[PDB]
Structure formats: structure tokens, C-alpha cells
$ cat query-v4.cif   # mmCIF, C-alpha atoms (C1' of nucleotides)
data_work
loop_
_atom_site.label_atom_id
_atom_site.label_comp_id
_atom_site.auth_asym_id
_atom_site.auth_seq_id
_atom_site.Cartn_x
_atom_site.Cartn_y
_atom_site.Cartn_z
CA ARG A 335 23.28 75.88 -38.17
CA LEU A 336 21.25 78.95 -39.07
CA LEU A 337 19.51 81.45 -36.74
CA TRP A 338 16.19 81.28 -38.54
CA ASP A 339 16.21 77.49 -38.40
CA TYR A 340 17.09 77.45 -34.70
CA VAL A 341 14.33 79.97 -33.99
CA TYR A 342 11.77 77.84 -35.83
CA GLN A 343 12.99 74.76 -33.94
CA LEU A 344 12.48 76.38 -30.52
CA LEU A 345 9.06 77.63 -31.61
CA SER A 346 8.09 74.09 -32.62
CA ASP A 347 8.88 72.70 -29.15
CA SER A 348 6.68 73.83 -26.25
CA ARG A 349 9.51 72.93 -23.88
CA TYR A 350 11.05 76.29 -24.83
CA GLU A 351 7.97 78.44 -24.29
CA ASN A 352 9.58 80.32 -21.40
CA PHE A 353 12.19 81.51 -23.89
CA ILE A 354 10.18 82.04 -27.07
CA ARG A 355 6.69 81.22 -28.34
CA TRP A 356 4.06 81.88 -30.97
CA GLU A 357 1.86 84.88 -30.22
CA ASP A 358 -0.34 84.30 -33.27
CA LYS A 359 1.01 81.35 -35.23
CA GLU A 360 -1.54 81.80 -38.00
CA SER A 361 0.24 85.09 -38.76
CA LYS A 362 3.64 83.65 -37.76
CA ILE A 363 4.03 86.29 -35.05
CA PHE A 364 6.31 85.25 -32.21
CA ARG A 365 7.34 86.66 -28.84
CA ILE A 366 10.80 86.53 -27.34
CA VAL A 367 9.88 85.91 -23.72
CA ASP A 368 13.41 85.78 -22.28
CA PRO A 369 15.76 87.68 -24.62
CA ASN A 370 18.79 87.04 -22.43
CA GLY A 371 17.89 83.39 -21.96
CA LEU A 372 17.37 83.08 -25.72
CA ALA A 373 20.77 84.59 -26.55
CA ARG A 374 22.37 82.20 -24.10
CA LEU A 375 20.75 79.18 -25.77
CA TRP A 376 21.84 80.47 -29.19
CA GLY A 377 25.45 81.01 -28.12
CA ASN A 378 25.29 77.51 -26.71
CA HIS A 379 23.91 76.19 -30.00
CA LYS A 380 26.83 77.74 -31.90
CA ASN A 381 29.36 76.62 -29.27
CA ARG A 382 30.67 80.09 -28.57
CA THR A 383 31.03 82.23 -25.47
CA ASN A 384 29.91 85.83 -24.89
CA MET A 385 26.77 85.75 -27.01
CA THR A 386 24.31 88.48 -25.95
CA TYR A 387 20.83 89.60 -26.86
CA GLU A 388 22.26 92.81 -28.33
CA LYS A 389 24.34 90.62 -30.64
CA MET A 390 21.70 88.02 -31.49
CA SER A 391 19.11 90.69 -32.26
CA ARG A 392 21.58 92.35 -34.65
CA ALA A 393 21.68 89.06 -36.49
CA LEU A 394 17.87 89.13 -36.58
CA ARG A 395 17.96 92.64 -38.06
CA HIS A 396 19.98 91.34 -41.06
CA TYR A 397 16.93 89.12 -41.71
CA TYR A 398 14.78 92.24 -42.14
CA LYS A 399 16.66 93.11 -45.32
CA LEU A 400 16.45 89.51 -46.51
CA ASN A 401 12.67 89.72 -45.97
CA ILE A 402 12.82 86.68 -43.66
CA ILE A 403 11.66 88.54 -40.52
CA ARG A 404 9.88 91.78 -39.56
CA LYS A 405 9.66 93.56 -36.23
CA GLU A 406 6.15 94.30 -34.97
CA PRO A 407 6.37 98.10 -34.57
CA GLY A 408 5.88 99.52 -31.08
CA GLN A 409 5.43 96.04 -29.61
CA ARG A 410 8.50 95.14 -27.62
CA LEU A 411 10.00 91.67 -28.25
CA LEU A 412 7.39 90.84 -30.91
CA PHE A 413 8.50 89.72 -34.38
CA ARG A 414 7.06 87.79 -37.30
CA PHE A 415 8.41 85.44 -39.95
CA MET A 416 7.62 86.61 -43.48
CA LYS A 417 8.61 83.20 -44.81
CA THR A 418 8.27 79.49 -44.09
CA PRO A 419 11.43 77.36 -43.90
CA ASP A 420 10.63 76.05 -47.38
CA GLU A 421 10.37 79.58 -48.74
CA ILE A 422 13.63 80.67 -47.07
CA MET A 423 15.35 77.70 -48.72
CA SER A 424 14.68 78.96 -52.27
"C1'" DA B 1 16.52 100.52 -17.92
"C1'" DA B 2 15.92 97.51 -21.45
"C1'" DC B 3 15.10 97.27 -25.74
"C1'" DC B 4 15.52 98.68 -31.12
"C1'" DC B 5 18.13 100.53 -35.10
"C1'" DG B 6 21.24 99.71 -39.41
"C1'" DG B 7 26.30 100.90 -41.05
"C1'" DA B 8 30.90 99.18 -40.93
"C1'" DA B 9 34.11 95.88 -40.32
"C1'" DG B 10 35.74 91.50 -38.08
"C1'" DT B 11 35.71 86.25 -37.87
"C1'" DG B 12 34.59 80.71 -37.03
"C1'" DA B 13 33.46 77.24 -39.92
"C1'" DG B 14 33.45 74.59 -43.61
"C1'" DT C 1 42.00 80.65 -49.85
"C1'" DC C 2 37.54 82.08 -50.11
"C1'" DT C 3 32.76 82.73 -48.98
"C1'" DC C 4 28.89 82.86 -45.90
"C1'" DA C 5 26.27 83.96 -42.09
"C1'" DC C 6 26.72 85.75 -38.67
"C1'" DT C 7 29.47 88.56 -34.72
"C1'" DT C 8 31.30 92.71 -32.82
"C1'" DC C 9 31.28 97.38 -32.26
"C1'" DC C 10 29.25 101.57 -32.64
"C1'" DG C 11 26.43 105.98 -32.03
"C1'" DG C 12 22.32 106.79 -31.99
"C1'" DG C 13 16.93 106.17 -30.99
"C1'" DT C 14 12.55 104.79 -28.04
#
$ encode --input "query-v4.cif" --output "C-alpha cells"
Amino acid sequence: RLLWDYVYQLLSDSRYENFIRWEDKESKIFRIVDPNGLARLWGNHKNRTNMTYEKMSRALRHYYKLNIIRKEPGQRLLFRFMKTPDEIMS
DNA sequence: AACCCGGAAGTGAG
DNA sequence: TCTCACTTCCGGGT
């Protein structure tokens, strides 16, 4: 199961708002509220130990080059999706 | 600190 | 066996 899909799933469920949430969902900008908590949930999702935010965020950086995600410059823990799930699956 | 960066190479899963 | 999508490590930067 893919990082971008898992991120969209958490964003779609207000139960996870203490981990991650939309900042401006019209612009698809999201905030990682608890980067360590988020990495822990992701490692759990993939059934593997020793996942960290340093490691998860590296995986997010690969998405920059794939034009799936951009960092919001100078705004800590703020990112945006450049694509919808439909668009990513194309 | 706590986060952000992208190259290089390693690896679970299917 | 082979590919994919990360994972792991790194040396930096902010």
C-alpha cells in the first residue's frame, strides 16, 4: 500500500487530525501535525519496525520529482498534493 | 533542536 | 528472478 494513498486516507478521516490535516483543502495543502506520530502510523501500516520521520519524509521527497507532492517553502511541516488520486493513477 | 534536502545504494513484497 | 516503491544511510543545509 502506497504512501500517497495512505496520506490521502488519513486526511480523509478527521479521527487522524492530531497527526495530519488539511490546511487549505481547496489548494490541497496539508500539515503534518505530529511527524513522529505519523511515521509511527506509517511503519505500522507497512508492518515494519524502526520507521522514523527522517525516513518517511525521504519517501515524500521522492514524490517531489514525480510531481505528486511539493513542500511549501519556509513553512515547516506544510506540504501540498499536486495531483488527485485519479491523476496519480495515470 | 527539529526539521529539510537529494544522491547513492539497499531491501520487503509480490 | 526481477521490478517497484520505498528504506536506509549519508553529509550537508535551515
$ atom_distance --input "query-v4.cif" --atom1 "CA of residue 364 (chain A)" --atom2 "CA of residue 401 (chain A)"
15.8 Å
$ resolve_selection --input "query-v4.cif" --expression "the PyMOL selection byres ((chain A) within 8 of (chain C))" --output "PyMOL selection string"
chain A and resi 336+389+393
$ closest_residue --input "query-v4.cif" --among "A:368, A:421, A:339, A:388" --to "chain B" --atoms "all atoms listed in the file"
A:388
$ atom_distance --input "query-v4.cif" --atom1 "CA of residue 386 (chain A)" --atom2 "CA of residue 407 (chain A)"
22.1 Å
$ atom_distance --input "query-v4.cif" --atom1 "CA of residue 370 (chain A)" --atom2 "CA of residue 390 (chain A)"
9.6 Å
$ residues_near_point --input "query-v4.cif" --point "(12.7, 96.1, -25.6)" --cutoff "7 Å" --atoms "all atoms listed in the file" --output "ChimeraX atom specification"
/A:410-411 /B:2-4
$ residues_around --input "query-v4.cif" --residues "residue 335 (chain A)" --least-positions-apart "5" --cutoff "10 Å" --atoms "only C-alpha atoms (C1' of nucleotides)" --output "count of residues only"
4
$ residues_near_point --input "query-v4.cif" --point "(8.7, 84.4, -46.8)" --cutoff "12 Å" --atoms "only C-alpha atoms (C1' of nucleotides)" --output "PyMOL selection string"
chain A and resi 338+361-362+397-404+414-424
$ resolve_selection --input "query-v4.cif" --expression "the PyMOL selection byres ((chain A and resi 348-352) around 10)" --output "list in words"
residues 343, 344, 345, 346, 347, 353, 354, 355, 356, 365, 366, 367, 368, 371 and 372 of chain A
$ closest_residue --input "query-v4.cif" --among "A:369, A:360, A:341, A:378" --to "chain B" --atoms "all atoms listed in the file"
A:369
